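Visitor: Sharing a structure here in structure tokens format.
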Amino acid sequence: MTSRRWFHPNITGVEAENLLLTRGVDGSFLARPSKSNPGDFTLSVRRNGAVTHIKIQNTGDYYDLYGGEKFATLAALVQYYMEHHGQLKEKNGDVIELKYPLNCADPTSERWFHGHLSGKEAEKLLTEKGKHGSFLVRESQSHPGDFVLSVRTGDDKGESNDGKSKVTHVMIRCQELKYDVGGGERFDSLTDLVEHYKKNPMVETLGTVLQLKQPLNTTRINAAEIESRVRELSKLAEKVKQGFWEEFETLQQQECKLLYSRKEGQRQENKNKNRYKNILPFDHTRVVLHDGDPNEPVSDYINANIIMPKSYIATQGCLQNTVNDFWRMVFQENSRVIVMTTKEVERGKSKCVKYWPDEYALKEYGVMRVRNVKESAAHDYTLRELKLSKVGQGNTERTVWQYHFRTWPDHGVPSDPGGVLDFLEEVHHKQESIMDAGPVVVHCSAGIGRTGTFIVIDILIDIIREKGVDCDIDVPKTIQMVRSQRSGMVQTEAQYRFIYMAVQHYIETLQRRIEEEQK
Ligand SMILES: CC1(C)CC(Nc2nc(-c3cccc(-c4ccccc4)c3)cs2)CC(C)(C)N1
């Protein structure tokens, strides 16, 4: 039960209207990218004979539901309003019920789908970029409107030598919407067909089994060849599409495989310790404070997750009652660099309180004591030299360098990654200059959007700055890997496209630098 089938990637506002009136009943719902606004998201629900279109906005921080609450993943929004029946109201006071997710048949958001592809090209990818169990679903060439499942069965590992590895093509005839292997069960979508034979593998005479283990891998590219990959993901034709949009929606369709328990944040005692009540840290990667023996009640909770591929800490904008716990986290984790990707107040709404003292001032935050030594005022950011110590104790003073990015737009992402790339280059060198410094504390508003976008860009650069330009990078796998440690890292497609532009702009400077060193 993942299932995210209730999300239709390529759907009109009128098609969703008809889809609920004919194939749905009262309570049936679906989520769709809003036509009206490229950042908006509409939740269409059949409500008393008619359809109600509730919209969800996402600027790069969270999914904000109108007349509802904010969430990290569009799936946890559905998980919330399906297990909480009386919270989605029209107000008027009439409740809107999410009871029956209406599934979709479009396979374009699946990793194993390939769109246009041919047998030789499909077989070439299965032996070059393949492995035992690798499978793909392409468009049929000869018989139109059908599909061809191409699965590789190998030597076990399947590399070196030849003769005992094999690629088996399978015909998938499509007739009156349904799909089949020319016999047996007829499925409603390629997913229902693929998911079925991933659990009931096809077997032919002489007893060979076509294990649909893992899909292929169009994603992992060499870091030097990114300027040609960004060129492919930029051509637009939506039979599809914007390459960034088709790739990102595939990454979104894998998000409910990361519905890990965040119950330590759902406790009543930690209710007001979260800036946003439904955006919570994973229990298995949360930062656990160690106040010690109470000192009632000590408490160990903070909305922060450890990010480890140099490690990171992705936290929230400090609340009034969490400034004390924040500086406890910086002390125990031995953190020395803080990345703040939000202004003190943006668009009139406060997203983070001032947790640092004014310049040349000393302030006590409970057990911790912070001195603001200096404030450097570059453009795009501000560096604050801070000394963190423990009140009533010696040999606890450490210098914490807070980097406060100030020029991130209120709506969307910047237009030039040079500011972020230069900002991260100074942040990385300051971090590496301190021996055995703790993880890098990155935060913003909710701590998933800009906070996740900054970290993923830094993770890809750390790989490139070390291993060089001839190394393999994989952005969706990098996004997904961080999303398994904090729910909803990298929010919007705009932030996702910016991560490609940042790595691209970073490779050019490296190549230009190397060439200039050769005059
Ligand atoms: C075939 C092609 C071009 C790429 C297909 N494959 C993709 N896979 C991903 C993806 C997303 C999250 C994680 C991973 C991943 C990669 C390697 C190992 C584990 C997970 C891949 C993004 S696009 C998807 C579509 C249908 C859009 N077309």
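Naming works like this for the structure tokens: A, B, ... for the chains as they're shown, residue 1 at the start of each chain, ligands 1 onward in shown order.
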Which residues are close to range 108-110 of chain A, i.e. within 12 Å by only C-alpha atoms, leaving aside same-chain residues fewer than 3 positions away? Reply as a PyMOL selection string.

Guide: chain A and resi 3-5+7-10+104-105+113-116+136-139+189-192+194-195+214-217+239-241+243+245-255

Visitor: Check range 254-344 of chain A with DSSP on the backbone and list each residue it calls strand (DSSP E), as an MDAnalysis selection string.

Guide: chainID A and resid 304:307 312:315 337:340

Visitor: Ranking A:230, A:212, A:440, A:117 by minimum distance to residue 135 in chain A and counting only C-alpha atoms, which one comes first?

Guide: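 Among the listed residues, A:212 lies closest to residue 135 in chain A.
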
Visitor: I'd like the contact shell of range 304-317 of chain A - 6 Å cut-off, only C-alpha atoms, skipping same-chain residues fewer than 2 positions apart - returned as a ChimeraX atom specification.

Guide: /A:281,285-287,302,352,439-447,486

Visitor: Save out the residues we just selected, N, CA, C and O atoms, as a short mmCIF file (atom, residue, chain, number, x, y, z; two decimals), in the first residue's frame.

Guide:
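Produced file selection_0.cif, reproduced below:
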```
data_model
loop_
_atom_site.label_atom_id
_atom_site.label_comp_id
_atom_site.auth_asym_id
_atom_site.auth_seq_id
_atom_site.Cartn_x
_atom_site.Cartn_y
_atom_site.Cartn_z
N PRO A 281 10.28 15.01 12.23
CA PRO A 281 11.48 14.25 11.90
C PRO A 281 11.28 12.75 12.02
O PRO A 281 10.49 12.26 12.84
N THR A 285 16.30 8.75 12.54
CA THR A 285 17.37 9.68 12.23
C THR A 285 17.24 11.00 12.98
O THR A 285 17.94 11.96 12.65
N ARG A 286 16.37 11.07 13.98
CA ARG A 286 16.19 12.30 14.73
C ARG A 286 17.39 12.57 15.63
O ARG A 286 18.09 11.65 16.07
N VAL A 287 17.64 13.85 15.89
CA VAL A 287 18.67 14.26 16.83
C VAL A 287 18.12 14.12 18.24
O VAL A 287 17.10 14.72 18.58
N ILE A 302 14.00 17.47 19.26
CA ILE A 302 14.16 18.66 18.43
C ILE A 302 13.86 18.27 16.99
O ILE A 302 14.24 17.19 16.54
N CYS A 352 11.60 32.13 11.08
CA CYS A 352 12.65 31.76 12.03
C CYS A 352 12.92 32.93 12.98
O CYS A 352 13.04 34.07 12.54
N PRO A 439 28.46 17.73 12.31
CA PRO A 439 27.70 17.93 11.07
C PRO A 439 27.37 19.40 10.86
O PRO A 439 27.42 20.22 11.78
N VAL A 440 27.04 19.73 9.62
CA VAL A 440 26.69 21.09 9.24
C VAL A 440 25.20 21.29 9.51
O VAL A 440 24.36 20.53 9.01
N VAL A 441 24.87 22.30 10.30
CA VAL A 441 23.49 22.60 10.67
C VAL A 441 22.89 23.47 9.57
O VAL A 441 23.26 24.63 9.41
N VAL A 442 21.95 22.90 8.82
CA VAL A 442 21.24 23.61 7.77
C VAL A 442 19.77 23.68 8.16
O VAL A 442 19.20 22.67 8.60
N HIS A 443 19.17 24.86 8.02
CA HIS A 443 17.76 25.03 8.36
C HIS A 443 17.18 26.18 7.55
O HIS A 443 17.90 26.98 6.96
N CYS A 444 15.85 26.24 7.53
CA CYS A 444 15.13 27.32 6.87
C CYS A 444 13.80 27.54 7.58
O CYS A 444 13.77 27.76 8.79
N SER A 445 12.70 27.49 6.83
CA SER A 445 11.38 27.55 7.44
C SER A 445 11.01 26.18 8.00
O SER A 445 11.26 25.90 9.17
N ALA A 446 10.42 25.33 7.16
CA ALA A 446 10.08 23.98 7.59
C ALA A 446 11.31 23.09 7.70
O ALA A 446 11.34 22.16 8.50
N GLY A 447 12.34 23.36 6.90
CA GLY A 447 13.55 22.57 6.93
C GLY A 447 13.57 21.41 5.96
O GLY A 447 14.25 20.41 6.23
N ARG A 486 15.08 12.50 5.97
CA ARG A 486 14.17 13.54 6.43
C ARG A 486 13.04 13.67 5.41
O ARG A 486 13.30 13.85 4.22
#
```

Visitor: When you look at range 370-376 of chain A with a cut-off of 12 Å (counting only C-alpha atoms), what residues show up, excluding the ones that are within fewer than 3 positions of it in the same chain? I need them as number ranges by chain.

Guide: A: 323-324, 326-328, 330-331, 355-367, 379-391, 396-404
